[PDB]
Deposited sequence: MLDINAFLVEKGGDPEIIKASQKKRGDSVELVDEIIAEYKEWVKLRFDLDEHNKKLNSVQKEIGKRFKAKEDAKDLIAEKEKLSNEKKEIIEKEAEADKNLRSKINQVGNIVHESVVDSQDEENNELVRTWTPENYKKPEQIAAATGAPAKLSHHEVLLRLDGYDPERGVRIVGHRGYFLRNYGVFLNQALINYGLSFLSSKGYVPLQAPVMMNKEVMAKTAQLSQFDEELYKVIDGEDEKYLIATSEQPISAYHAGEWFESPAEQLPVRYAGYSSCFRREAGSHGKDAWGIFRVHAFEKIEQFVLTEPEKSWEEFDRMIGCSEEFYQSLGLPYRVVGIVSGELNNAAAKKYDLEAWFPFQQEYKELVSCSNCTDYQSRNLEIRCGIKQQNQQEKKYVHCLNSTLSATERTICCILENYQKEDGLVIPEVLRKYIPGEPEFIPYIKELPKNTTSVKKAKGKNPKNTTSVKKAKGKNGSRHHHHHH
């Protein structure tokens, strides 16, 4: 969440910037004034509590003097108990005020960076840049790597290669369940390992996250809307955990409660996160939008003064990555009304799917400034100063496979993207269609 002081003009805050940000988000603006009011009540309680402390101390010292003089203290004792019963109420109320104030500040989204388009309609997404392999004229229904007609959808290509099994997958696990088979397995591992190797050559530290999280730690890194809709709950006898939606959740908590006291030399810290990811929400056919999948994720901690530069570095890496796979794409600046609570700025890389004949999102890159690190108490250098946290998909591997399948197809099978060959037993340059489709 934002700092409490950001709401308070008297403590150097700017409640107006916050109201403007809420408006760009399409979220509640009255929430800011509510918070400011609650803050004053809470301060009143702090003062009253504090004055009660001092009055009790006094009335204690007078009661001691009277017991010294061997004099009755029935009147002082009565006042001591009056003050004390009050201190009790006050204590109970201050705690409830603190509790509600924190819950309210928790609903306020991060400050939307000025560079972001003010809009609730994705039509207005900034078109940041576009990229094409040089042997590919323009985005159309042509598979970019082969020049061949993008005749088959990713689901169709995968099936002809005998690379996956949705039919047996659904019978066994339900909606969108699947097995990967043969080269479907090798392509998936190829991406995981190429992704790890790629990021690691850029100084990222490979980091395999666990895929369950304690409820309480999850709650500090993901918004209220996520649990009761997106996350699988896991039953552990009597305990509950969540399956993670992305390794960004557990990896963001990695340095919770730590302190980069010498930021210049210690930061930035860069992680090449790898894990499976689980989503309750996933709806066509194929492995494009499914309930379980693997993701190589970029996660970075930087000094506050360096995050925007890092943000550019990060999207740069994902671009360099898709270029290396020869996949055309565009980068778009997500409109304010579509940012999640933690993001001050978000870019998506959407790669071209030539059969679908549209750009579809493969990568999402966000500067979350100190919104999560504040919660997680991840401090930075020498009111309190936290690190900034950025996260950017490197590759959601099953979805990246889909894009590959459509762009690497040709009449008789699939060209294997050059960079992935060394990761595949036999380093094949090409694999043939094994199966005919029913349709035709």
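S.K.: What are the C-alpha gaps when you align the coordinates back onto the deposited sequence?
M.R.: Missing from the model are residues 284 to 288, 388 to 393, 452 to 485.
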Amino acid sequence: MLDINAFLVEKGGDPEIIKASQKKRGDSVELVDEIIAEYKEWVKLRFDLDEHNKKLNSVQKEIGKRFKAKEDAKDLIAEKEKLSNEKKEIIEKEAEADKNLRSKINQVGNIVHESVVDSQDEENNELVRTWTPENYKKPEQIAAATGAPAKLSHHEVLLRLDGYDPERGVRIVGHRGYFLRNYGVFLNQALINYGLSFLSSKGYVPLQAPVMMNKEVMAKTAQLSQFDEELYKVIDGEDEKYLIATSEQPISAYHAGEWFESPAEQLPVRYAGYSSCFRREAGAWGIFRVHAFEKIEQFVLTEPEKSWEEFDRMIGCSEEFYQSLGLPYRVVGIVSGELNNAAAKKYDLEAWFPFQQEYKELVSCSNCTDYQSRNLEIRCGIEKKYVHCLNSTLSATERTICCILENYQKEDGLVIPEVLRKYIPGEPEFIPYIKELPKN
From here on, numbers count along this sequence of modelled residues.
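S.K.: Tell me which stretch, 195 to 203 or 85 to 93, has the higher mean Cα B-factor listed in the entry.
M.R.: Taking the mean B-factor of the alpha carbons in each, 85 to 93 is higher.
S.K.: Mean CA B-factor: is it higher for 129 to 137 or for 71 to 79?
M.R.: The stretch with the larger mean CA B-factor is 71 to 79.
S.K.: Please pick out which of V415, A396, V29, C403 has the largest Cα B-factor as recorded in the entry.
M.R.: Max CA B-factor in the entry, restricted to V415, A396, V29, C403: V29.
S.K.: Tell me which of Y329, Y164, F227, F260 tops the list for C-alpha B factor in the record.
M.R.: The listed residue with the largest C-alpha B-factor is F227.
S.K.: Grab the CA temperature factor for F47 from the record and place it in the lowest, middle or highest third of its chain.
M.R.: For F47, whose C-alpha B-factor we compare with every modelled residue in the chain, the answer is the highest third.
S.K.: Which third, lowest, middle or highest, does the C-alpha temperature factor of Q372 belong to within its own chain?
M.R.: It falls in the middle third of the chain.
S.K.: Among the modelled residues of its chain, does the C-alpha B-factor of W285 lie in the lowest, middle or highest third?
M.R.: According to the entry, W285 has a C-alpha B-factor in the chain's highest third.
S.K.: Rank-wise, by C-alpha B-factor, drop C389 into the lowest, middle or highest third of its chain.
M.R.: According to the entry, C389 has a C-alpha B-factor in the chain's lowest third.
S.K.: Quick check on the deposited entry: does the C-alpha B-factor of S364 sit in the lowest, middle or highest third of its chain?
M.R.: For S364, the deposited C-alpha B-factor lands in the middle third.
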